[PDB]
Amino acid sequence: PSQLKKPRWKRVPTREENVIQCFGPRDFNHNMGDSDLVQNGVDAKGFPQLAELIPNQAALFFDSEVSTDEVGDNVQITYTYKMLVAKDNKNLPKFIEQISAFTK
Amino acid sequence: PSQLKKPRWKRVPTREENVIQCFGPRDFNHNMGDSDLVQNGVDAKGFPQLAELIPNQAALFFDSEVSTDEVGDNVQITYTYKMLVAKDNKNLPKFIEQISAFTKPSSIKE
């Protein structure tokens with residue numbers, strides 16, 4: 001079955017069903033990833049190193065500010081998550097490069 | 001080997017090393033979870049239903065707005081992630097119960 005069969009928050013993009021197909025185009029509100037990341041998703045060779053700087057589900061849940069709003073027949077859940085990374089973290093420069101790569 | 005040996009964004013809380021130990025106390029900037037969730041972390045019996053409404057790491061990477069600010073010797077990365085859940089989603093009411101649960105503790109009846 002396709003990733004579009006799943007709720008948007010459970011999708012995992014790959015070459016076969018990519019970031020554009022699962023989510024949408026890169027834009028200022030959806031801003032991570034160069035064209036390699038977009039095309040290949042979690043299959044991109046840089047993804048495992050990038051994933052060292054992504055919170056896990058427990059951390060997202062317990063260490064976020066979470067808010068809600070009604071939008072038509074949905075409830076919009078906003079997770080605002082902050083993490084403090086040392087400037088000498090080995091994985092930080094690679095991740096900074098991917099922030100708004102679509103504009104760079 | 002303590003979860004405190006891992007970066008704060010990769011910790012997984014349990015009764016042994018709970019939410020307060022791994023993260024910090026519930027407040028308005030860290031607002032999810034009742035006292036059972038706080039005590040038992042991912043081993044709380046309510047957690048799997050809550051997990052149905054938490055994005056995965058690839059969804060959070062590719063489907064958030066991400067920014068950075070310098071804070072001294074560190075860089076703060078902010079993820080702001082928005083998801084639309086159908087009002088008839090059967091897992092939604094449990095999630096909502098947990099939002100700022102610290103404001104609404106159980107009365108003690110015995």
# chains A, B, ... in the order shown; residues from 1 in each chain; ligands from 1
>>> interface_residues(of="chain A", to="chain B", cutoff="6 Å", atoms="only C-alpha atoms", output="number ranges by chain")
A: 9-10, 12, 29-32, 55-56, 58-59, 62-65, 73-87
>>> select_by_dssp(residues="chain B", states="strand (DSSP E or B)", output="ChimeraX atom specification")
/B:27,30,32,65-71,74-86,99
>>> atom_distance(atom1="atom CA of residue 16 of chain A", atom2="atom CA of residue 3 of chain A")
10.0 Å
>>> select_by_dssp(residues="chain B", states="alpha helix (DSSP H)", output="VMD selection string")
chain B and resid 19 to 22 35 to 40 47 to 51 57 to 62 92 to 98
>>> residues_around(residues="segment 48-50 of chain A", least_positions_apart="3", cutoff="12 Å", atoms="only C-alpha atoms", output="PyMOL selection string")
(chain A and resi 32-33+37+41-45+53-55+89-99) or (chain B and resi 57-58+60-62)
>>> write_last_selection(atoms="N, CA, C and O atoms", output="short mmCIF file (atom, residue, chain, number, x, y, z; two decimals), in the first residue's frame")
data_model
loop_
_atom_site.label_atom_id
_atom_site.label_comp_id
_atom_site.auth_asym_id
_atom_site.auth_seq_id
_atom_site.Cartn_x
_atom_site.Cartn_y
_atom_site.Cartn_z
N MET A 32 13.13 21.76 5.42
CA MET A 32 14.35 20.94 5.46
C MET A 32 14.55 20.08 4.20
O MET A 32 13.66 19.46 3.72
N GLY A 33 15.79 20.11 3.76
CA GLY A 33 16.21 19.09 2.79
C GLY A 33 16.60 19.66 1.42
O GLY A 33 15.79 20.35 0.81
N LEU A 37 17.88 14.86 -0.60
CA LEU A 37 16.96 14.48 0.48
C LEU A 37 15.50 14.42 0.07
O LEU A 37 14.75 13.54 0.43
N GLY A 41 14.42 10.85 0.18
CA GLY A 41 13.86 10.64 1.53
C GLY A 41 14.87 10.02 2.52
O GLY A 41 16.03 10.35 2.55
N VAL A 42 14.34 9.11 3.34
CA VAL A 42 15.17 8.40 4.30
C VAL A 42 16.22 7.48 3.67
O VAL A 42 17.18 7.06 4.36
N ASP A 43 16.09 7.25 2.35
CA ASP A 43 17.16 6.53 1.60
C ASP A 43 18.32 7.37 1.18
O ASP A 43 19.37 6.84 0.76
N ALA A 44 18.33 8.73 1.36
CA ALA A 44 19.40 9.58 1.04
C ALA A 44 20.58 9.19 1.90
O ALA A 44 20.40 8.85 3.13
N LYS A 45 21.82 9.19 1.34
CA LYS A 45 22.99 8.70 2.19
C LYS A 45 23.31 9.54 3.48
O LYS A 45 23.91 9.07 4.47
N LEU A 53 20.07 14.21 15.01
CA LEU A 53 19.58 15.52 15.54
C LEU A 53 18.07 15.65 15.44
O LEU A 53 17.57 16.79 15.45
N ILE A 54 17.36 14.53 15.33
CA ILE A 54 15.86 14.53 15.30
C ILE A 54 15.40 13.88 16.62
O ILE A 54 15.83 12.79 16.99
N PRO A 55 14.51 14.57 17.41
CA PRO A 55 14.01 13.91 18.67
C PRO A 55 13.21 12.65 18.36
O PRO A 55 12.49 12.55 17.35
N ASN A 89 29.17 19.86 18.30
CA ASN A 89 28.59 18.66 17.82
C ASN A 89 28.86 18.31 16.37
O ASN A 89 28.61 19.11 15.40
N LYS A 90 29.34 17.07 16.17
CA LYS A 90 29.83 16.63 14.87
C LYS A 90 28.85 16.63 13.75
O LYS A 90 29.15 16.69 12.59
N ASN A 91 27.53 16.57 14.13
CA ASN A 91 26.45 16.43 13.23
C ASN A 91 25.69 17.79 12.90
O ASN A 91 24.89 17.95 11.97
N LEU A 92 26.07 18.84 13.64
CA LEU A 92 25.40 20.16 13.55
C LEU A 92 25.61 20.86 12.21
O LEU A 92 24.66 21.25 11.54
N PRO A 93 26.91 20.95 11.73
CA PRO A 93 27.05 21.60 10.42
C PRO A 93 26.28 20.97 9.29
O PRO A 93 25.71 21.67 8.46
N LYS A 94 26.20 19.62 9.28
CA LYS A 94 25.49 18.92 8.23
C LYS A 94 23.96 19.28 8.26
O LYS A 94 23.31 19.45 7.24
N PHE A 95 23.50 19.34 9.48
CA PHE A 95 22.08 19.69 9.63
C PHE A 95 21.77 21.14 9.27
O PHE A 95 20.74 21.38 8.58
N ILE A 96 22.61 22.03 9.70
CA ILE A 96 22.42 23.50 9.32
C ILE A 96 22.36 23.65 7.81
O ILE A 96 21.53 24.39 7.29
N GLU A 97 23.22 22.94 7.08
CA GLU A 97 23.15 22.99 5.61
C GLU A 97 21.86 22.62 4.95
O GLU A 97 21.50 23.20 3.92
N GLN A 98 21.05 21.72 5.60
CA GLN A 98 19.83 21.29 5.11
C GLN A 98 18.62 22.25 5.46
O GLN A 98 17.63 22.14 4.83
N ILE A 99 18.88 23.18 6.40
CA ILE A 99 17.82 24.16 6.80
C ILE A 99 17.61 25.15 5.59
O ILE A 99 18.55 25.86 5.24
N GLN B 57 10.24 10.31 13.13
CA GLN B 57 11.32 11.23 12.94
C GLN B 57 11.46 11.78 11.51
O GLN B 57 11.91 12.88 11.28
N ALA B 58 11.08 10.97 10.52
CA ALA B 58 11.21 11.39 9.11
C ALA B 58 10.07 12.42 8.84
O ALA B 58 10.36 13.50 8.25
N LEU B 60 8.77 14.43 11.13
CA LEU B 60 9.16 15.65 11.80
C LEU B 60 10.25 16.37 11.01
O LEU B 60 10.21 17.61 10.93
N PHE B 61 11.22 15.66 10.47
CA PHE B 61 12.27 16.33 9.69
C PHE B 61 11.71 17.04 8.45
O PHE B 61 12.03 18.20 8.19
N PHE B 62 10.97 16.32 7.66
CA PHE B 62 10.54 16.77 6.34
C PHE B 62 9.27 17.56 6.36
O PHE B 62 8.88 18.18 5.32
#
>>> residues_around(residues="residue 44 of chain B", least_positions_apart="4", cutoff="10 Å", atoms="only C-alpha atoms", output="list in words")
residues 13, 14, 15, 35, 36, 37, 38, 39, 40 and 48 of chain B
>>> atom_distance(atom1="atom CA of residue 15 of chain A", atom2="atom CA of residue 104 of chain A")
22.6 Å
>>> atom_distance(atom1="atom CA of residue 100 of chain A", atom2="atom CA of residue 19 of chain A")
14.4 Å
